[PDB]
């Protein structure tokens, strides 16, 4: 089979691999809808998580089951599924202690395009398929559902980590597709005033559609100073970090009240250390709690989030700026995430099969 792989730091290409073996608890899946992610960009071109050799990329898919292991009970060949980017080993120590996204070791639940061949191939492998795949509800378009795999769940996790409470004033730093979902997540957790820090017109517009109330554009001056002026020197209640670099944490600390939470979901591609400013962190004692977490995954997470789409309470189609057709277009789609044109949020690639509606 064919897949789009990381050949080495700074190098991608199409390669052939064997179809993966399906064990008793596994499923093999063919992609129906795919999206590329900024994270693969860091992994490939920054080498942020080490070198790789012929690792198939991608971790956002809606798919169709082509094979199930003998112990699979919830799924059958032909079923259409939402594939979460994080597919935990549910019995591992870290899962038993409440952190299934770190199953088997830090980031161990994030398999696809971390250290396991990802979803950009004709067939891919899902471990613990019953636990890790949600059936696609009939009222959700595949292109909308592929936003659940990573964008919705990560952006919402940023808001969860920021411990957002009813009526909180919140700042979301970085308004790419993950940040726009942190704006939506903060709004869904009861935030009132929401500052969205970004400068791309189309991203800023979308942030307002998801519940942002204030756009903070760095071209109008230091963003911390803008936030402080807007809040009469008091700062914000909670901060979500969904973009930027290691220096964004100092900005979050400087703009946030004491007794508060900073929720990072940004994958940090470079820099030895994240500098936390001593004085503004209350010289160690300001209760400015700092969180940085990988998204949850698995089927329950997908089902809960899908229910917001099905009930008309979450519209993920706003994230989709480019629509492609055919597996080969994932290469174009991924390059868009590297190049970042002004009109871009997320591309989606749709793939059709001759037996998509009869496969069993």
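Residue numbers count along the first chain shown, from 1.
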If you average the CA temperature factors as listed in the entry, which stretch comes out higher, 216-224 or 186-194?
216-224
Between 198-206 and 155-163, the record assigns the higher mean Cα B factor to 198-206
Residue set 125, 254, 97, 102, per-entry CA B-factor max assigned to 97
What third of its chain's C-alpha B-factors does residue 50 belong to: lowest, middle or highest?
highest
Based on the deposited C-alpha B factors for this chain, I'd like to know if residue 331 is in the lowest, middle or highest third.
middle
By its CA B factor, does residue 237 count among the lowest, middle or highest third of the modelled residues in the chain?
lowest
Within this chain's modelled residues, let me know which third the CA B factor of residue 308 belongs to: lowest, middle or highest.
lowest
Classify residue 88 as lowest, middle or highest third according to the C-alpha B-factor given in the PDB entry, relative to its own chain.
lowest
